[PDB]
Every structure is written in structure tokens, then in C-alpha cells.
Amino acid sequence: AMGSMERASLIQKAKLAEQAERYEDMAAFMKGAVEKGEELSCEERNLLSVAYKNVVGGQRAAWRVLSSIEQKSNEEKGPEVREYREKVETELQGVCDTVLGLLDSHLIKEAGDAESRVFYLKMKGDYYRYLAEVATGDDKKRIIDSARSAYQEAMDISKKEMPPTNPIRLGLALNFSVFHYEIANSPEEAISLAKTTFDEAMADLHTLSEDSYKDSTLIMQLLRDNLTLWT
Amino acid sequence: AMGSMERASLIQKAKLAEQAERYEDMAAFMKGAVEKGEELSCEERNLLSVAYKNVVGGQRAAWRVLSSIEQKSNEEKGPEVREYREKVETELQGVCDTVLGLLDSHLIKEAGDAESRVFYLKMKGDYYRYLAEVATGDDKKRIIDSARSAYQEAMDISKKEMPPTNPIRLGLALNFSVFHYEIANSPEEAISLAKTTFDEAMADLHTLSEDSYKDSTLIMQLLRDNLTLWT
Amino acid sequence: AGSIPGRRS
Amino acid sequence: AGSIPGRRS
Ligand SMILES: *Cc1ccc([N+](=O)[O-])c(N2CCC(O)CC2)c1
Ligand SMILES: *Cc1ccc([N+](=O)[O-])c(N2CCC(O)CC2)c1
């Protein structure tokens with residue numbers, strides 16, 4: 001749909017849409033930029049992630065509100081709560097499928113540096129995780145496996161190629177721990193991963209500048225916040 | 001688009017969409033309910049107004065962000081800020097035209113009771129006011145006149161048919177005062193209207209129950225807040 | 001200044 | 001609990 005707009009104009013409009021809190025527009029601009037076929041820079045990857053995180057975040061919040069109402073209802077409330085929850089769920093699944101499709105065509109296969117490849121594989125794990133949040137039954141099993149596989153490949157690369165304080169490595173470990181706790185019914189694995197990630201980052205903080213220290217410690221605090229809730 | 005859904009199901013889904021903060025959906029459900037052709041109850045009118053107020057509120061906030069950036073730019077930033085501001089502006093105008101079209105086909109003409117007719121004419125003034133916020137030149141003049149005419153007819157009915165503490169009468173006067181101050185370059189008329197509205201409501205508070213007193217005094221505080229900013 | 005806000009939900 | 005939030009803007 002964005003095929004007639006210059007790549008650089010799509011990126012500039014994505015930045016404007018972020019400032020205007022127009023995240024659906026932002027995601028459409030960034031989809032158009034990806035579909036130009038060139039690799040994305042560090043900041044362009046961040047724009048892609050912010051746009052879709054906000055779109056799917058609104059959908060997830062709405063799905064949770066509707067699911068809670070539906071669970072309460074089961075007086076006959078009619079089919080409306082279920083029908084509307086299903087509508088939101090289908091829309092959410094479509095956004096996740098769109099993001100996964102961008103990663104598969106062709107962002108991951110062209111990503112050779114650790115920073116880009118880990119970033120995209122973490123996104124792949126995240127969007128399969130959002131699919132898993134709404135999935136049921138055997139569908140849930142294969143979706144869960146797909147999230148786990150993406151996160152595991154990202155973890156393997158990050159441990160070989162990035163320092164333990166790298167913010168992408170830290171955020172990957174945070175989100176994989178949430179996967180273990182909330183999706184995979186593995187709270188002990190979640191706690192172990194968060195603890196080991198925190199401790200290994202702590203021991204590497206001495207190597208960092210003031211600005212990098214702030215970036216890494218911010219994410220470490222999120223690991224600690226989860227550990228406080230889980231223990 | 002909603003022609004196949006029952007009126008009662010559209011209303012229930014509008015209430016669910018409000019809970020889920022899905023205001024675009026809410027507005028589409030309420031448009032479908034209006035297009036069933038029956039008059040709206042008090043609470044259905046409130047659902048219609050809340051839905052569109054939230055949709056157009058997001059657009060207005062985005063338009064203001066983009067307009068401010070555009071005004072700052074006029075280094076050559078390219079056409080992108082203007083182009084994107086224009087896109088948002090056109091979308092905002094389309095929402096306002098949709099609301100105005102519902103009021104004209106056929107909510108106002110079927111509204112005979114003062115509470116419904118004043119409510120719809122206030123909405124008509126409000127959505128012409130939102131059009132005026134983005135209009136330029138001679139277009140602005142006719143749009144301004146249309147807002148003024150709608151508000152004035154609503155004021156005339158409200159003064160004849162409603163007590164000075166009625167919340168719709170109070171909110172009408174509040175918004176017409178904002179029109180005078182922000183759109184019509186008539187700050188003295190805005191201040192006079194807010195003061196007279198406040199004083200006449202104060203003198204009628206003694207007639208109200210505890211719950212009505214809370215409703216009326218909440219809007220009176222908004223009139224006072226504006227008077228504090230304007231004087 | 002401020003017009004009537006939408007109700008919260 | 002909490003995953004990485006989006007940055008604010
Ligand atoms: C314009 C106006 C005046 C008063 C009131 N009110 O006291 O309810 C409203 N409503 C506010 C609640 C809901 O958003 C519908 C409109 C509007
Ligand atoms: C998954 C992850 C890990 C770290 C960071 N970060 O420190 O920037 C991010 N970004 C947050 C800012 C923006 O939302 C893009 C992603 C993400």
C-alpha cells in the first residue's frame with residue numbers, strides 16, 4: 001500500500017506518527033519501509049518494534065478485558081461478548097501474523113550481525129508468545145514450540161556474541177523468562193534465567209560508560225522486579 | 001456495514017468496546033445503531049457521544065502535534081510533515097462529517113423532547129467547532145457560522161425548557177463559551193456566558209438531590225476553571 | 001480552555 | 001510478570 005512512497009519518507013513519517021501517538025499509522029509506515037527490501041538500521045529496527053508493540057499492546061489489553069467479561073458470564077448474556085472477543089482475537093492474530101511475515105520475508109534471513117539477528121529472533125519469539133496467549137489446545141502446543149525455538153536461537157547467539165550487559169541480550173532474557181513463567185508453565189526455569197542473567201550482568205557493569213550503565217541497569221531492574229513478584 | 005447485526009447487539013457491543021477502550025469499534029457500533037432508524041434513548045445518546053468524542057479526540061491531539069512540528073519547520077524538512085498533517089486532517093474531517101451526517105439523517109429532525117434536541121444540537125455545534133479548529137480562510141467563516149447557529153438554537157431551547165442546573169444545559173454553555181473564546185475571537189462573550197451560567201446554576205442548587213447536586217457542581221467547576229484561566 | 005470531557009471507562 | 005515495555009513518545 002506504501003509502494004509509491006520513498007523509503008526515507010516512510011521512515012520520517014513513522015517518526016512523526018510516534019510523536020503523534022498514531023501507532024497504527026506508524027506500523028503501516030514501517031511495514032512499507034521493510035517491504036522496500038533493504039536491511040534496517042538499528043534505529044529503524046527500534047521504530048518497527050515500537051510501532052507493532054503498541055498496536056498489539058492495545059489489542060492484548062482489549063482481549064484481556066473481554067476475556068475476563070466472557071469468563072464471568074459463563075445469566076444468558078447472548079453471544080455478543082464471545083463474538084466480540086473473537087473479533088478482537090482475530091485482529092490480534094492478524095497483526096502477529098503480519099509481523100511474523102515481515103520477519104520471515106526477509107528480515108531474519110538477511111540479518112548476519114548479532115545485533116540484528118538477535119533482535120529479530122527475539123521479536124519472532126515475542127509475537128509467537130502473543131499468539132500463544134490467545135491459543136487453545138493443540139494449536140497452543142505448536143505455537144509455544146515456535147516461540148521457544150525462536151527465543152532459544154536468539155539466546156544461543158547472544159551468549160556467544162554479546163556481553164552480558166548488552167541491552168538486547170538483557171531484554172531477550174527478560175522476555176524469555178516471562179515466556180517460561182506465563183506461557184510454558186516453567187516458573188523455576190523463569191526464576192533461574194532471570195537470576196543468572198542479573199548476576200552475570202552485575203559482574204560486567206564495571207566495563208561500561210555512564211550512559212551504557214544507565215541502559216543496562218534499567219533492564220536489570222525489570223529482571224529484579226519480576227524476581228520479586230515470583231519469589 | 002452493521003446492517004446485519006441486531007440493534008440490541010450493536011448497543012451491547014458498544015458498551016463492551018467502551019470497557020475495552022476500543023473507541024473506533026464503539027463508534028462503528030453506535031453508527032450502526034443510529035442507522036437502524038429508531039430514536040436513541042438517553043444512555044444510547046451518551047454512548048454515541050463518548051465513542052465519537054474519543055475518536056475525534058485522538059485525531060485532534062495528533063493534528064496539534066503535527067501542526068506544531070510543521071509550524072516549527074517553516075532547514076528544508078521535505079513535504080512529509082505537511083503531507084502527514086494533511087492526512088490526519090482529512091481523516092478528522094471525515095469523522096466530523098460522519099457525525100454531522102448522522103445528526104442530519106435523521107437524529108435532529110426526529111428529536112422533539114428538549115433533552116434529546118439540545119443534546120444533538122450541542123453535538124452539531126461541537127463537531128462544526130472541531131472542523132473550525134483545522135479550517136482556513138473563507139471556509140473557516142461558514143464553518144464557524146454553522147457551529148454558532150447550532151449552539152444558539154440549543155441555547156434557546158435549553159433556556160426555555162431546562163432548569164439552569166441541568167447538566168446538558170451546563171455543558172452546552174461550557175462548550176459554547178469555549179467556542180466564543182477559542183474559535184470566534186470573542187473572549188468577553190465567553191467570560192460573560194460562563195459567569196452568568198455559573199451564577200444562575202448556583203442559585204438553583206438548593207432544589208437538587210445529593211446526586212444531582214454532584215452532577216451539576218462537577219460541571220460548574222469546569223466553568224470556574226475556565227474563568228480562572230481567562231481572567 | 002476546557003470543553004466537556006468524555007466520561008472515563 | 002513484566003516483559004520489556006515500549007519506549008515512551
Ligand atoms: C455535553 C455534556 C454535558 C453533560 C454531560 N454529563 O453531565 O453527563 C455530558 N456527558 C458526559 C458523559 C458522557 O461522556 C456522555 C456526555 C455531556
Ligand atoms: C527487547 C528490547 C531490549 C532492550 C531494548 N532497549 O534497551 O532499547 C529494547 N527497545 C526499547 C525501546 C524501543 O521500544 C525499541 C525496543 C527492546
Side-chain angles (χ1 to χ4, degrees), chain A residues 1-2 4-26 28-30 32-33 54-70 73 75 78-92 95 134, chain B residues 1-2 4-26 28-30 32-33 54-70 73 75 78-92 95 134:
Chain A
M2 301 288 180
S4 298
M5 199 180 315
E6 285 279 15
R7 192 186 187 278
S9 295
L10 291 165
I11 295 298
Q12 189 47 65
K13 289 182 183 176
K15 293 172 183 176
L16 293 170
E18 185 176 13
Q19 289 178 263
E21 292 176 37
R22 295 266 297 196
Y23 292 105
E24 181 173 333
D25 287 351
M26 194 188 178
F29 292 137
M30 288 312 299
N54 275 274
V55 173
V56 83
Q59 296 171 318
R60 291 164 74 206
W63 185 93
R64 294 190 296 265
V65 165
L66 299 171
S67 285
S68 174
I69 295 168
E70 187 183 10
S73 75
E75 275 292 322
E80 288 87 359
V81 184
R82 173 189 59 78
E83 288 171 346
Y84 188 41
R85 188 270 302 158
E86 289 170 351
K87 172 190 174 167
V88 172
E89 182 174 301
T90 297
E91 192 189 288
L92 180 163
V95 175
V134 307
Chain B
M2 301 288 180
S4 298
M5 199 180 315
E6 285 279 15
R7 192 186 187 278
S9 295
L10 291 165
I11 295 298
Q12 189 47 65
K13 289 182 183 176
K15 293 172 183 176
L16 293 170
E18 185 176 13
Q19 289 178 263
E21 292 176 37
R22 295 266 297 196
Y23 292 105
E24 181 173 333
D25 287 351
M26 194 188 178
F29 292 137
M30 288 312 299
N54 275 274
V55 173
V56 83
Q59 296 171 318
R60 291 164 74 206
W63 185 93
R64 294 190 296 265
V65 165
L66 299 171
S67 285
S68 174
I69 295 168
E70 187 183 10
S73 75
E75 275 292 322
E80 288 87 359
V81 184
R82 173 189 59 78
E83 288 171 346
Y84 188 41
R85 188 270 302 158
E86 289 170 351
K87 172 190 174 167
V88 172
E89 182 174 301
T90 297
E91 192 189 288
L92 180 163
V95 175
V134 307

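In what follows, every chain begins at residue 1, and chains take the letters A, B, ... in the order their sequences are listed. Basis for what follows: all heavy atoms, side chains included, without hydrogens, waters or symmetry-related copies.
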*Asks:* For A:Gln59, which residues count as a side chain to side chain contact (heavy atoms under 4.5 Å, CB included) partner, sequence neighbours excluded?
*Replies:* A:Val55, A:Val56, A:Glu91, A:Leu92, A:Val95, B:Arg22
*Asks:* Please determine whether the number of non-hydrogen atoms from other residues, nucleotides or ligands lying under 6.0 Å from atom CD of B:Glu86 exceeds 12.
*Replies:* yes
*Asks:* Going by the rule side chain to side chain contact (heavy atoms under 4.5 Å, CB included), which residues pair with A:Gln19 if we only count those two or more places apart in sequence or in a different chain?
*Replies:* A:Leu16, B:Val65, B:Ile69, D:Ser9
*Asks:* CD/A:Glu83 to CD/B:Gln12 distance, rounded to the nearest 0.5 angstrom?
*Replies:* 11.5 Å
*Asks:* Restricting to non-hydrogen atoms, name the atom on A:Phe29 and the atom on B:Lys87 that form the minimum distance, rounded to 0.1 Å.
*Replies:* CZ-NZ, 4.0 Å
*Asks:* Which bit of B:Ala17 is near chain A, if near means a heavy-atom gap under 4.5 Å: side chain, backbone, both or neither?
*Replies:*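 For B:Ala17, heavy atoms of backbone and side chain both lie under 4.5 Å from chain A.
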